[PDB]
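Notes follow the structure.
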Amino acid sequence: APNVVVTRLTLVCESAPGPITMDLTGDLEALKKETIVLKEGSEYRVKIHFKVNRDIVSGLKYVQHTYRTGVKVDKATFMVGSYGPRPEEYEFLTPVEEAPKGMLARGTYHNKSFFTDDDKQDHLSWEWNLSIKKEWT
Ligand SMILES: O=C(N[C@H](c1ccc(-c2ccccc2)cc1)c1cccs1)[C@H]1CCCNC1
């Protein structure tokens with residue numbers, strides 16, 4: 001096992017009808033197929049579940065790249081910090097954002113996330129898709 005193990009991504013949205021999450025321990029190619037649904041205008045946060053196993057890690061960063069076909073990447077970096085080893089997993093949450101609204105805002109966005117640190121270590125790099133819809137269905 002590695003020192004840092006990213007286990008789960010969750011979109012914390014209080015107005016959502018059900019859970020919006022994805023297991024990050026399985027196959028990484030199957031993650032692209034899975035599409036995450038977010039109603040337009042919804043307030044949300046990105047939650048990263050991860051474990052520290054042996055030693056204190058420092059300088060953790062969450063890096064998120066959002067792609068729409070034919071558009072320049074929308075980048076965002078979040079400082080995660082230092083964490084010590086323990087059996088229970090940790091939870092890092094981004095600040096609240098508001099998903100865009102309107103027909104021009106609806107559609108599927110292609111995300112590539114990076115859980116890394118100051119040492120540019122690849123704790124986990126994965127792809128996932130987010131669909132902005134007029135309603136939750
Ligand atoms: O719509 C915006 N950016 C969008 C976007 C859409 C969705 C996300 C996302 C990804 C992952 C999770 C949650 C949400 C991220 C960005 C675009 C990206 C690339 C080309 S446009 C502006 C307008 C108002 C809201 N703040 C930013």
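Count residues from 1 along the sequence. Only heavy atoms go into these numbers, but all of them, side chains included; no hydrogens, no water, no symmetry mates. Just so you know, ligand 1 is whichever comes first in the structure, and atom 1 is the first atom listed for that ligand.
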**Message:** Within the 3.5 Å criterion, strictly below it, is a donor on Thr25 or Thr7 matched to an acceptor on the partner's side chain?
**Reply:**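 Side-chain D/A pair, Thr25 to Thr7: absent.
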**Asked** Would atom 16 (C) of ligand 1 count as contacted, meaning some protein heavy atom under 4.0 Å?
**Response**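 Yes.
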Using a 4.0 Å heavy-atom cut-off, which part of [X] comes near ligand 1: side chain, backbone, both, or neither?
| X | result |
| --- | --- |
| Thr66 | both |
| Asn111 | side chain |
| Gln64 | side chain |

**Item:** Close approach of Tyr44 to ligand 1, heavy atoms, under 4.0 angstrom
**Value:**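 Distance cut 4.0 Å: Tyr44 passes for ligand 1.
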Can you pull out the closest protein heavy atom to [atom]? Residue, atom name and distance to 0.1 Å, please.
| atom | answer |
| --- | --- |
| atom 12 (C) of ligand 1 | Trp128 CH2, 3.5 Å |
| atom 20 (C) of ligand 1 | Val71 CG1, 3.9 Å |
| atom 25 (C) of ligand 1 | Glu98 O, 3.4 Å |
| atom 27 (C) of ligand 1 | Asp74 OD2, 4.5 Å |
| atom 1 (O) of ligand 1 | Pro100 CG, 3.2 Å |
| atom 9 (C) of ligand 1 | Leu130 CD2, 3.6 Å |

**Message:** Going by side chain to side chain contact (heavy atoms under 4.5 Å, CB included), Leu9 matches just one of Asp23, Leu124, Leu24, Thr21. Which one?
**Reply:**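 Result for side chain to side chain contact (heavy atoms under 4.5 Å, CB included) with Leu9: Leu24.
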**Complete:** From the list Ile36, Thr35, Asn111, side chain to side chain contact (heavy atoms under 4.5 Å, CB included) partner of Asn129 resolves to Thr35
**Prompt:** Does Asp55 offer a backbone N or O that forms a donor-acceptor pair with the side chain of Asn3 under 3.5 Å?
**Reply:** yes
**Message:** Within ligand 1, which atoms have a heavy atom of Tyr109 less than 4.0 Å away?
**Reply:**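 Selected atoms, number and element: 4 (C), 5 (C), 6 (C), 17 (C), 18 (C).
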**Asked** Do you know the tightest heavy-atom contact between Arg54 and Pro85?
**Response** O-CG, 3.2 Å
**Asked** Quick one: do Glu40 and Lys133 make a salt bridge, cutoff under 4.0 Å?
**Response** no
**Request:** Report the C-alpha separation of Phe50 and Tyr83 in whole Å, then their side-chain angles, then the decisive distance to 0.1 Å, and conclude whether the ring-ring contact (aromatic ring centres under 6.0 Å, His included) test is met.
**Result:** CA-CA 10 Å; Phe50 63 100; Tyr83 290 87; 5.0 Å; yes
**Prompt:** Can a cation-pi geometry be assigned to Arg86 and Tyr90, taking NZ or CZ under 6.0 Å from the six-membered ring centre and within 45° of the ring axis?
**Reply:** yes
